[PDB]
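Coming up is one lone chain in structure tokens, specifically the form deposited without the ligand.
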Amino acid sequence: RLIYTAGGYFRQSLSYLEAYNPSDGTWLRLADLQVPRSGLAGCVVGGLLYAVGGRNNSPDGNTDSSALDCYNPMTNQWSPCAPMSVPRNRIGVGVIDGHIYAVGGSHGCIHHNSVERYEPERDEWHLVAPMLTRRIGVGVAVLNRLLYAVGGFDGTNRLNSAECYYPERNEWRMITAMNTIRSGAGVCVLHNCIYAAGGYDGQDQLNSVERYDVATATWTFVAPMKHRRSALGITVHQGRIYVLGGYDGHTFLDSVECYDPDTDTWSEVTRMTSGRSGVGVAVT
């Protein structure tokens, strides 16, 4: 299984689809996205990779995206899917059962608190209960069939709050806030904790990382990353976290760091073929 990077940003929005193998270290280049996008999210349902939302920043325009697009790794082809009800740049995305949840994001000055659900087998989106908060640059993660929206930006304030979506009830409820304000952090599930790595707090990009334990309902810092980064890509592969690219306040990183929880340590594991931020990332 590989870690896929889709889209991203470096001087403009990118179409690159590339896969890194932490086992042999190789980067293999696959089919370009139909439309370049940064600020998108990636996920996998039934082994198919989806690209959700984002934005095409080019010298000729800046268009937020409603597009959902699907990649088959054995056939190397993108297929357009039904679009969301609104464009969602800097979207968050999570998967519960077999449905794709599109969370937050922006459309111009509009900062969404709305959430939509996609059924890959029916190719339909439907609006779901909105969050308590407007959130662009939000991290989304799923634990025990529960959907977490973590941090982000409401248009005026960067956020340390997190809220939890209950599918059976169709309602959101706040949880304990993170210790650190973070928009554009990488958010994932590793074991039985929600991790939030990096981001931007409104003054600096962050290298700190913290994790949420649902049993105790508390957030705890762990070892920081080596590079401060916002708008990083994050995923979990064989019980380890990977962060891909991002921005440190000066440069777009190609650095890829890997966190080992048993040792609570980060190590640089590779460089992307080119620096970028705002990628979608998933594993299949």
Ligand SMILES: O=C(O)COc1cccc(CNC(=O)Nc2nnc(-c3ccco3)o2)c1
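Quick note: we count residues from 1 along the sequence shown, nothing fancier.
When the C-alpha B-factors of 67-75 and 80-88 are averaged, 67-75 comes out higher.
For the segment pair 191-199 and 117-125, the entry gives 117-125 the higher mean B-factor, averaged over Cα atoms. Between the residues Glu163, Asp213, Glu210, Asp97, the entry's highest C-alpha temperature factor is the one at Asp97. Residue-level inspection of the entry shows that, of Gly151, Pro167, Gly105, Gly155, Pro167 has the top Cα B-factor. Among all modelled residues in its chain, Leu40 ranks in the lowest third by Cα B-factor. Ranked by C-alpha B-factor against the other modelled residues of its chain, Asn56 falls in the lowest third. Among all modelled residues in its chain, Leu2 ranks in the highest third by Cα B-factor. Ranked by C-alpha B-factor against the other modelled residues of its chain, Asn62 falls in the lowest third. For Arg145, the recorded CA temperature factor ranks within the highest third of the chain's modelled residues.
Below, we refer to the form deposited with the ligand bound, which is not included among the displayed structures.
Interface residue among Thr235, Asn57, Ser66, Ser255 relative to the ligand in the deposited complex, by the heavy atom within 4.5 Å criterion: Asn57.
Of the candidate stretches 37-45, 23-31, 255-263, 66-74, only 37-45 has residues with heavy atoms within 4.5 Å of the ligand in the deposited complex.
When the ligand is considered in the deposited complex, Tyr50 lies well away from it, no heavy atom lying within 4.5 Å. Taking the partner from the other structure, the ligand in the deposited complex has a heavy atom within 4.5 Å of a heavy atom of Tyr247. Proximity of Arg271 to the ligand in the deposited complex: non-hydrogen atoms within 4.5 Å are absent; the residue sits far from the partner.
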